[PDB]
């Protein structure tokens, strides 16, 4: 099976091609993770996936999506990850982390607590920042504050400090969250970036925040550990061919700037779009980015059907398959997939205290 072949990137080897993508848990307090995250993550690592990417972790308090988001904006925040990292490694999975800044989509309620911007008089909320003072709209109506150049410098440095902290906590894989309409994606998109300084207008200017952040992170992140990003390459907004072309060009610049793999997603920059949801619908777009930028990729959405994950790898649409919700349903999805795809000794996808009893079960 292609799904169960190892993958090496820089000095890191994944035992198979199953990646658990970042999935926000909304269970942290003042950015500090706790035993929710410890058990959730260690349990996933034991399920067999080759790579486990920790949820969007804010580089600064105002860059959380919600009051429940994880943060890494102080050394004490970083040190809370150390035991979790150590547990993921003990289980044989590679520990990764997505570092993030939610931009105009920040200061929102948890998804099961309204999913909308927090009310102005709610003591939990805060002012959001973005390239331009333009609201997302719909359930996220707050107009963000337009960033100053000093704000841009500060947020870049927050990404650097977050990457340095992630390194020192023992993570072996980092992902810059430049997707899903958050700060980085919103600098790239003409929908959200109306700046007239060096950080908006042209393709080079809209790319600038993302490229400078990548380069600044690269100074502290070890050259021998994968340096990755997640990026929305189209919006399904009626501008797809033009947007894809620019996004692929940026992917080429990321590669030239030391990016090892791109997690290919949709932008979600604005609400007025028509996304053609379906199982593995991202496969063809990820394949095009992979081919045209000559860069390894992962993608997600509906790969919890093991045969679809297998087909995507065999077609060279993807290098890793990211499987999200199926891992919430069943932390041991990798074992399920191994059985489905007829892997020999499938139960030994799991550790011995499980595997021994499930042999031919």
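Numbering follows the first chain given and starts at 1.
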Once you work out the mean C-alpha B-factor for both 116-124 and 83-91 from the entry, which is higher?
116-124
On mean Cα temperature factor in this entry, is 172-180 or 194-202 the higher one?
194-202
Highest-ranked of 63, 31, 331, 304 once sorted by CA temperature factor in the record:
304
According to the deposited entry, which of 103, 226, 278, 96 has the largest Cα B-factor?
278
Lowest, middle or highest third: where is residue 71 by Cα B-factor in its chain?
lowest
Would you please rank residue 139 by its C-alpha temperature factor against the other modelled residues of its chain and give the third it falls in: lowest, middle or highest?
highest
Chain thirds of CA B-factor: placement of residue 186:
lowest
Considering only modelled residues of the same chain, in which third does the CA B-factor of residue 346 rank: lowest, middle or highest?
highest
For residue 261, the third of its chain into which the C-alpha B factor falls
lowest
